[PDB]
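Working through the structure, step by step
If you want the building blocks of each chain, they are given just below.
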Amino acid sequence: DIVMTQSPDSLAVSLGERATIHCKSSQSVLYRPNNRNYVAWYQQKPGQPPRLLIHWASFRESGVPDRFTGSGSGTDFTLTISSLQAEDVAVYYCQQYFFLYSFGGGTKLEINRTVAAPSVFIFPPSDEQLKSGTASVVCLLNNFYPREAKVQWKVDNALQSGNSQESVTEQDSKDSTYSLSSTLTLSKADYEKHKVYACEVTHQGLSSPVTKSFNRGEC
Amino acid sequence: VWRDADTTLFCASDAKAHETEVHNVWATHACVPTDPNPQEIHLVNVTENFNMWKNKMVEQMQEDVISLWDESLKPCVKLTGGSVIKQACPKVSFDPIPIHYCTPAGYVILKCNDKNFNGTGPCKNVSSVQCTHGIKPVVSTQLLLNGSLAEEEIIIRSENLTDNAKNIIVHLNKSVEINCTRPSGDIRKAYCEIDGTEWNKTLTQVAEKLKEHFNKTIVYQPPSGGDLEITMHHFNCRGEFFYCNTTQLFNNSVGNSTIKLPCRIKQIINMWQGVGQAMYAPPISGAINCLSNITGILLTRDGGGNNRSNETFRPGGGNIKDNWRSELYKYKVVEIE
Amino acid sequence: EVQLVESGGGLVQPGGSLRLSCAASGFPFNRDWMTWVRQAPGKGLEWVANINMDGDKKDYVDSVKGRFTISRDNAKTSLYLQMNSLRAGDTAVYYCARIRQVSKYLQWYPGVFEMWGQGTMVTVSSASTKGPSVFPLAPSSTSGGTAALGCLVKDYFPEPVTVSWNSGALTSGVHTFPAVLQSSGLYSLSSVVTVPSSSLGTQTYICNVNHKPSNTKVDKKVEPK
Ligand SMILES: *[C@@H]1O[C@H](CO)[C@@H](O[C@@H]2O[C@H](CO)[C@@H](O[C@H]3O[C@H](CO[C@H]4O[C@H](CO[C@H]5O[C@H](CO)[C@@H](O)[C@H](O)[C@@H]5O[C@H]5O[C@H](CO)[C@@H](O)[C@H](O)[C@@H]5O)[C@@H](O)[C@H](O[C@H]5O[C@H](CO)[C@@H](O)[C@H](O)[C@@H]5O[C@H]5O[C@H](CO)[C@@H](O)[C@H](O)[C@@H]5O)[C@@H]4O)[C@@H](O)[C@H](O[C@H]4O[C@H](CO)[C@@H](O)[C@H](O)[C@@H]4O[C@H]4O[C@H](CO)[C@@H](O)[C@H](O)[C@@H]4O)[C@@H]3O)[C@H](O)[C@H]2NC(C)=O)[C@H](O)[C@H]1NC(C)=O
Ligand SMILES: *[C@@H]1O[C@H](CO)[C@@H](O[C@@H]2O[C@H](CO)[C@@H](O[C@H]3O[C@H](CO[C@H]4O[C@H](CO[C@H]5O[C@H](CO)[C@@H](O)[C@H](O)[C@@H]5O)[C@@H](O)[C@H](O[C@H]5O[C@H](CO)[C@@H](O)[C@H](O)[C@@H]5O)[C@@H]4O)[C@@H](O)[C@H](O[C@H]4O[C@H](CO)[C@@H](O)[C@H](O)[C@@H]4O[C@H]4O[C@H](CO)[C@@H](O)[C@H](O)[C@@H]4O[C@H]4O[C@H](CO)[C@@H](O)[C@H](O)[C@@H]4O)[C@@H]3O)[C@H](O)[C@H]2NC(C)=O)[C@H](O)[C@H]1NC(C)=O
Ligand SMILES: *[C@@H]1O[C@H](CO)[C@@H](O[C@@H]2O[C@H](CO)[C@@H](O[C@H]3O[C@H](CO[C@H]4O[C@H](CO)[C@@H](O)[C@H](O)[C@@H]4O)[C@@H](O)[C@H](O[C@H]4O[C@H](CO)[C@@H](O)[C@H](O)[C@@H]4O[C@H]4O[C@H](CO)[C@@H](O)[C@H](O)[C@@H]4O)[C@@H]3O)[C@H](O)[C@H]2NC(C)=O)[C@H](O)[C@H]1NC(C)=O
Ligand SMILES: *[C@@H]1O[C@H](CO)[C@@H](O[C@@H]2O[C@H](CO)[C@@H](O)[C@H](O)[C@H]2NC(C)=O)[C@H](O)[C@H]1NC(C)=O
Ligand SMILES: *[C@@H]1O[C@H](CO)[C@@H](O)[C@H](O)[C@H]1NC(C)=O
Ligand SMILES: *[C@@H]1O[C@H](CO)[C@@H](O)[C@H](O)[C@H]1NC(C)=O
Ligand SMILES: *[C@@H]1O[C@H](CO)[C@@H](O)[C@H](O)[C@H]1NC(C)=O
Ligand SMILES: *[C@@H]1O[C@H](CO)[C@@H](O)[C@H](O)[C@H]1NC(C)=O
Ligand SMILES: *[C@@H]1O[C@H](CO)[C@@H](O)[C@H](O)[C@H]1NC(C)=O
Ligand SMILES: *[C@@H]1O[C@H](CO)[C@@H](O)[C@H](O)[C@H]1NC(C)=O
Ligand SMILES: *[C@@H]1O[C@H](CO)[C@@H](O)[C@H](O)[C@H]1NC(C)=O
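Residues numbered from 1 in each chain as written, not as in the entry; some residues may be left out. Chains lettered and ligands numbered in written order. Heavy atoms only, no water.

When you go through chain B residue by residue, the secondary structure sums to five helices and 22 strands. In terms of overall dimensions, chain B is globule-like: its C-alpha atoms have a radius of gyration of 21 Å, near the 20 Å expected for 337 residues. Seen along its three principal axes, the alpha-carbon backbone of chain B occupies a region of about 65 × 55 × 40 Å. Burial statistics for chain B: of 337 residues in total, 47% are counted as buried. Here chain B has roughly 16,200 Å² of accessible surface; of this, 50% comes from carbon and sulfur atoms. (Helix = DSSP H or I, 4+ residues; strand = E, 2+ residues; numbered from the N terminus. Rg over C-alpha atoms; globule rule 2.2 N^0.38 Å. Buried < 20%, exposed > 50% of the residue type's maximum accessible area, 1.4 Å probe, protein only. Areas by Shrake-Rupley, 256 points an atom, 1.4 Å probe, with all protein chains shown as cover.)

See the structure below:
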């Protein structure tokens, strides 16, 4: 079997700069009678199936922009993105089809942009959920960069801990930001008691930790 | 105990009876299905001799391929200087298929398995075989197409090396693909693409194998001027007749680049089958393409009182029997009494 | 257009069996090689199996020989993958792909994967199937002239759930967060959408949740509180 090894495993490139991804085959995938290399490159955008970019090492599929360029021969192959665009954020895979099939490990291409502060929202639990024994307070952090963010919960000034979960979106293909949701789950008993709910957000784009809140019972 | 023999052999192929292609139609009413289990007996402690240059199997294939083109690629007009036969010219589905040759009762084929068997001489590895390997009746000059490959080193085949004008058959051990195409201007304009780096490498390897025999410098040159079928790479692709200029392949200046050899599809040709000329219909529509393995080269050495240091070799086939020789070389027939 | 649609998939007990199907359309299916490729969650692509036009040529990745069977029905234009003795390592998203032939050794061989389906999620785990409970996330949520509302999809198993907004009308500012596994063993995600903070009443917003592993199609309407 032929093993493909990609390098680097991940990288972060600013907009408009060059992104270089290497691929190494365990043995030669160059068929000398036709001087063709049986290597392909695939692009997998977040939440989408893989998409064929380049076949036979250096041949672009129709529709794929010029900025993508594959090269190399034998066992050493390279995918180069000449001027990186926001829509290029994805995981790239190389593949050999000289003997059967095998894929490279993958290379995650992050995009480095200007720091952007998050816009913080907070959603109260639904009355449909309250008469069931469980309350969920959703704190939303929309379109921010970089990914590092800190969400701190406050229920009547009491700092919550160990009863909340977070979930970060993949990098947006248009503005290159992230979105984060922190869900605080409490029983029916403890929600009806307290009155003020708040999530505190500390981020690089904010010169002060932000507290967004709602009072238990507003119209 | 068995000596030599010569017999009317029979053929075998996996020819489909439903195919419109004429190599299948010919092998349907002239051959039988291939043998499933080919029994071969590696009879060791055996040493017998072969001769590809005096092999009547080559003469039988020459007949069968000629009769094939006779009922398949029927030329509109044929010339022998005297006989001017004029026929109908319909187009044809054309693609050669393997052709196995086997023996009748009493007679059988010997195969020389010495992987460096140079065409003439004794072998130790000789096995008792029943049929030959599937040979595709590809007719071509200069370049042997779609054939078998020498397993070890390049085999330089001839009848008398040190004698001048005797055709040479270079048996390559690595194929070089040639990709010929008529696009979709001029309908006759065509071209073949071939990787220069790989063709330079093998021709360099052939030059070394020619140095082992002659202690001189080996040079390649295009032929100075015979007929078009000899000076150019002449081959048949799906019925249409291609003439491809190979100056870029045999000029010692073969470069890195992908080489594009200019080709032409001619209607008036010289016949390889025998003396005379033929005429065929203008080529079909669409895109005409043939991707081929180059497994052998047909050469003719530049002679003369060569006190000169350079030994020049030029491409040239002509004798189509030599094409069937570069595949039937390892087969001699005998008779058990 | 070319369209590959995978089917089957869902929760399978460890050691259980499952059969996937791929409904193909829009191309000479009976003349093409086809293949299955999988991607374990968070990991990379792994080729599973492929098969030729007439079904006589099949190949399998090593970790799969003996318990998967690839097959096809050219009359139905469908690709199949019978999986037996499934284990945790088989948990992946299985893709259906169309293979494009390529010249290799002067013959026609299977080559690049030129078109891919959306994939079906196969989960091998020691749990049971549970449909989700949907809850609204009402506006008020509104920042710089932009309102954000959503639907909370809670306590379901297994993956995935697919949430849309007004059939498929809304796509700007739509963010469907990845599912997260809470301590109970069930999944839960939240989906949000950003709209101008003035359509509150002059434009109805409804979410369409779907959980194919348990035929659920809850449609909740979101409106201010
Ligand atoms: C030295 O030796 C060389 C090696 O033999 C020799 O080269 C060989 O030369 C042959 C003669 O010229 C040549 O034969 C065939 O030539 C062509 C090429 O066929 C290839 O391409 C087909 C199309 O591929 C696309 O479409 C497929 C279907 O969708 C898809 O799967 C492909 O991946 C590809 O899709 C991409 O491209 C699409 C657009 O093009 C795009 O939309 C898509 O999205 C993708 O991007 C392909 O179908 C062929 O594959 C079949 O055929 C080969 C033949 O060997 C098989 O190996 C292969 O396994 C496939 O067989 C299956 O399918 C066929 C039909 O589908 C079934 O019949 C089989 O049983 C099996 O199930 C191949 O990849 C073909 O078009 C030719 O077909 C002609 O002629 C044959 C004669 O036998 C007929 O049987 C055909 O029906 C057809 O004839 C009819 O149709 C035409 C057009 O209407 C009419 O004019 C005719 O009169 C008749 O009605 C032919 O098979 C070899 O390919 C070639 N080998 C090579 C290059 O490796 C060389 O010549 C020789 N040299 C010398 C000097 O002698
Ligand atoms: C024009 O000219 C050119 C020449 O210039 C001609 O090219 C020649 O073309 C022929 C075929 O037409 C070609 O023959 C061989 O092709 C394949 C290449 O074999 C090499 O690679 C194999 C894979 O190596 C890797 O894997 C192994 C095992 O994991 C590992 O050990 C290695 O390190 C690699 O990682 C090697 O196995 C193989 O080796 C053995 O064989 C060589 C001699 O060939 C010997 O010296 C070694 O010591 C080893 O013993 C070699 O290195 C090869 O796959 C082909 O084999 C398959 O086909 C034959 C014939 O049909 C079958 O009998 C055989 O069982 C094989 O079938 C399996 O493989 C195919 C591959 O696609 C599968 O589709 C199939 O289903 C089978 O797969 C099962 O088995 C696999 C294990 O092997 C397993 O992984 C899989 O999951 C399945 O279970 C064939 O031997 C020849 O090499 C070409 N020559 C050159 C110079 O390139 C061309 O034909 C000419 N054109 C015309 C028209 O004539
Ligand atoms: C032997 O030598 C000959 C001649 O040199 C060579 O023939 C060449 O074959 C290739 C195929 O490999 C062919 O390449 C293109 O053919 C089409 C030409 O496209 C032109 O127009 C485009 C815009 O209209 C433009 O972008 C192109 O740059 C070009 O100017 C083109 O349609 C093909 O593209 C489709 O197919 C390839 C696969 O080969 C895909 O990679 C593409 O993405 C694209 O697929 C998409 O479109 C098709 C419909 O077109 C669709 O069905 C599919 O699903 C997908 O959506 C190729 O780019 C050359 O044109 C051709 N040259 C000549 C002169 O004939 C042989 O290939 C050589 N043989 C060997 C073995 O090497
Ligand atoms: C094909 O034949 C060539 C010889 O013509 C082989 O190449 C030789 O390999 C040996 C191994 O060390 C060298 O010493 C010779 O100098 C080589 N000769 C040339 C001309 O390069 C070759 O190995 C054979 N096989 C293949 C696959 O090419
Ligand atoms: C992005 O660029 C900044 C400088 O502009 C740098 O400090 C930061 O480390 C970069 N991020 C990554 C992930 O490389
Ligand atoms: C082939 O072998 C014979 C046997 O002696 C020899 O006479 C002849 O010179 C050899 N030819 C080549 C090219 O080696
Ligand atoms: C081959 O040619 C040489 C050179 O003239 C000659 O001496 C020899 O007799 C010829 N025949 C053989 C069998 O070598
Ligand atoms: C082949 O092309 C070369 C260069 O164009 C030319 O010198 C030569 O005469 C051509 N051959 C024939 C037979 O015309
Ligand atoms: C090709 O061969 C010529 C000699 O005929 C040589 O000068 C040239 O360097 C070779 N090309 C390469 C890339 O080595
Ligand atoms: C020799 O052929 C090569 C093609 O391989 C070509 O580039 C070069 O110009 C030719 N040189 C001469 C002197 O014909
Ligand atoms: C051929 O390529 C080699 C390196 O690939 C280069 O050094 C040489 O100059 C090239 N020759 C020609 C004639 O292009």
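The rest of the description comes next.
Residue and element names in this part refer to chain C. Counting through the fold element by element, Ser-199 comes out in the loop between strand 17 (187-196) and strand 18 (205-210). Under the relative-accessibility criterion, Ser-199 is labelled buried at 15%. Along the primary structure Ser-199 and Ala-147 are separated by 52 residues, whereas in three dimensions their C-alpha atoms are 8.6 Å apart.

All names here are of chain B. The antiparallel open sheet is built from four strands, whose spatial order is 1-22-7-9. Both edges of this open sheet fall to strand 1 (2-4) and strand 9 (126-129), since each of them pairs with a single strand only. The average angle at which neighbouring strand axes cross in this sheet is 40 degrees, direction not considered. By the bridge criterion, four bridges tie strand 7 (residues 107-112) to strand 9 in an arrangement that is antiparallel. The partner of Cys-112 across the bridge, within strand 9, is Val-126. (Pairing = 2+ DSSP bridges. Axes fitted to C-alpha atoms, helices over the stretch in contact; angles between N-to-C directions.)

This part takes up the sheet that holds strand 10 (residues 76-81) of chain A. Residues and elements named next belong to chain A. Sheet architecture is open: four strands sit in the order 1-3-10-9, paired in antiparallel fashion. Each of the sheet's edge strands pairs with one partner strand only, and the pair in question is strand 1 (4-7) and strand 9 (68-73). The mean angle between the axes of side-by-side strands here comes to 20 degrees, regardless of whether they run parallel or antiparallel. Relative to strand 10, strand 3 (residues 19-25) runs antiparallel, the two being bridged by six bridges. Residue pairing across strands places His-22 opposite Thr-78, the latter belonging to strand 10.

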